[PDB]
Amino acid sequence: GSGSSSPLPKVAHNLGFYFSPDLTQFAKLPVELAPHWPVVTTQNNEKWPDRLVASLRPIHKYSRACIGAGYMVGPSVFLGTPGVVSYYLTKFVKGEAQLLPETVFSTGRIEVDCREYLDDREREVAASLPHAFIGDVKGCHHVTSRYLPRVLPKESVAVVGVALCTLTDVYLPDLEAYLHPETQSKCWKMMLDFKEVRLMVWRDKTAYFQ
């Protein structure tokens, strides 16, 4: 085939997949060894009983649509498009597909140094929550933060979903429900790129990942 969209490495790493016979963003594995080790791949090869398959279309009932996720096609990073499936993930363990958990996704903006809003809806959420992810601590920045300098030394930045700061590019409308407190200050447990993270939201709508 011509190739498929595929996860940013963090997504597969957080699911416990590090090697690939075919995907350049992961550690190379000889294809001869893929039958005997878990691999992330775009080839739904039944000879590889432990595999995380990324595909353009579903391949099984348990295929997970990864919507608005950053992704890669060959060497190139693409930004998530809100409401559009970036890729499907199907996890096989000993030949059997497994139900994957729900999660929100990083958008790929960090990887390509994009500081722009994905759409007007995101812009409006930011405007309504001016103390969410702008380095306020009682720091954590969204890629769209008004206080992020143009030149960030990458070496010293901690990425949320895995320091100088912590950095996130989550589509803000996926977090909006969390960012207005029901009653009190709250520390949410949530899944981002299949990794458990903590989102701290103070009564004054100051918010950051821990």
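Just count from 1 along the sequence shown to find any residue number.
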Q: Check the residues of the deposited sequence separating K138 from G139 and report how many of them have no coordinates, as none, 1 to 3, 4 to 9, or 10 or more.
A: 4 to 9
**Q.** Unresolved deposited residues in the interval that joins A65 and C66
**A.** none
**Q.** Per the entry, higher mean C-alpha B factor between 18-26 and 182-190
**A.** 182-190
Q: Compare the mean C-alpha B-factor of 151-159 with that of 47-55 as given in the PDB entry, and name the stretch with the higher value.
A: 151-159
Q: Using the entry's values, work out which of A97, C114, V85, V104 has the largest Cα B factor.
A: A97
(Q) Going by the CA temperature factor in the PDB record, which third of the chain does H142 belong to: lowest, middle or highest? (A) lowest
Q) What third of its chain's C-alpha B-factors does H131 belong to: lowest, middle or highest? A) highest
Q: Report the third (lowest, middle or highest) to which the CA temperature factor of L164 belongs, ranking only the modelled residues of the same chain.
A: highest
Q) Thinking about Cα B factors across the chain, which third does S5 belong to? A) lowest
